[PDB]
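Only one chain is shown below, in structure tokens, and it's the form deposited in one PDB entry.
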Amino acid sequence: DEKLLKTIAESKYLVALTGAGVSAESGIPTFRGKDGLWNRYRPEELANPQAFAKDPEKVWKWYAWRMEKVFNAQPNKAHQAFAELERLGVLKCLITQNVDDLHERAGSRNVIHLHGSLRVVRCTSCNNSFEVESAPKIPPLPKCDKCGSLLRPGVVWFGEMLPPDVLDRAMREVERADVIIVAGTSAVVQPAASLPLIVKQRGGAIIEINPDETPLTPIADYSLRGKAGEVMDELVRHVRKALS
């Protein structure tokens, strides 16, 4: 506790990296198993450009379902805790692999979305892009109102480059950080998984919060097991008191 609490409380520029594990307690599967709708594919076999070219209706049906579930979900104790850490001025920037909007919904202000967002729909051809309040019904295939081309979810698919400006911004944030909380990520997906290494390489501390050991665990200064929500809730309660 005390050394961990002190590390967070006394941090000069704390950042965070979150993954699917912080949203499971809102009812959103981690998508480390199967696709969650048919349960016939690995999620990576649908979230890619090859699948979308083969059968855009199938891929859109999956995303429409994903969108509805997220839009109907509520933020949980982990999302609330991260928002509270920003509110208290400890957390400077929240980097997330998640395509849900539950961090924002909990009141997080400075969020970087490495893999885009289910709230965003964009054109496959022109530069048209917009946000949705609710999920489209599939079929029909959603078409761009500006040019008539096929629309797609505003997420980064496996095999696609992260938007250079987004990844660059995340890199600059971890280049400033003396402490990083890495919560609910399996530390497998690149280049996202390389971000905490930058903090360590520059002499900072890594606090891993995850129910299981990961490839990051060997270099994590602290690695906390248990349920993401419960651990983050307890952690922010202690940090708030420590700074009070």
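Shifts are known only where both forms have a C-alpha. Don't overthink the numbering: it's just position in the shown sequence, from 1. C-alpha atoms forming the largest set that superposes within 1.5 Å between two forms make up the rigid core.
> Output the stretch having the higher mean C-alpha B factor in the entry; the candidates are 61-69 and 24-32.
Averaged over C-alpha atoms, the B-factors run higher in 24-32.
> Test of understanding: from the entry's C-alpha B-factors, which stretch has the higher mean, 48-56 or 195-203?
Stretch with the higher mean C-alpha B-factor: 195-203.
> Using the entry's values, work out which of 100, 145, 133, 160 has the largest Cα B factor.
In the PDB entry, the greatest C-alpha B-factor among 100, 145, 133, 160 is found at 145.
> Residue 215's Cα B-factor: lowest, middle or highest third of the chain?
Its C-alpha B-factor belongs to the middle third of this chain's values.
> Select lowest, middle or highest to describe the third in which the CA B-factor of residue 17 falls within its chain in this entry.
Ranked within chain, residue 17 CA B lands in the lowest tercile.
> Compare the C-alpha B factor of residue 87 with those of the other modelled residues in its chain, then answer lowest, middle or highest third.
According to the entry, residue 87 has a C-alpha B-factor in the chain's highest third.
> What third of the chain, by the recorded C-alpha B-factor, contains residue 188?
Residue 188: CA B-factor falls in the middle third of its chain.
> Among the chain's modelled residues, which third holds the C-alpha B-factor of residue 138?
Within its chain, residue 138 is a middle-third residue by C-alpha B-factor, going by the deposited values.
The same protein also has a form deposited in another entry, omitted here; what follows describes it.
> Superposing the core, which one of 57, 45, 175, 213 shows a C-alpha shift reaching 2 Å or more between this form and the one not shown?
With the rigid core superposed, the residue that stands out is 45.
> Is it true that residue 29 shifts between this form and the one not shown by 2 Å or more at the Cα, once the core is aligned?
No, the C-alpha moves less than 2 Å.
> Once you compare with this form, do the C-alpha atoms of residue 188 and residue 45 lie closer or farther in the other entry, given a change of 3 Å or more?
Note: Cα gap between residue 188 and residue 45 widens in the other entry.
> Hey, the CA atoms of residue 38 and residue 57 end up closer or farther in the other entry than in the shown form, with the change being 3 Å or more?
It is farther: in the other entry, the C-alpha atoms of residue 38 and residue 57 lie at least 3 Å more apart than they do here.
> Could you list, in sequence order, the stretches of three or more consecutive residues moving 2 angstroms or more at Cα between this form and the one not shown on a rigid core superposition?
Flagged stretch (3+ res, CA at least 2 Å): just 33-45.
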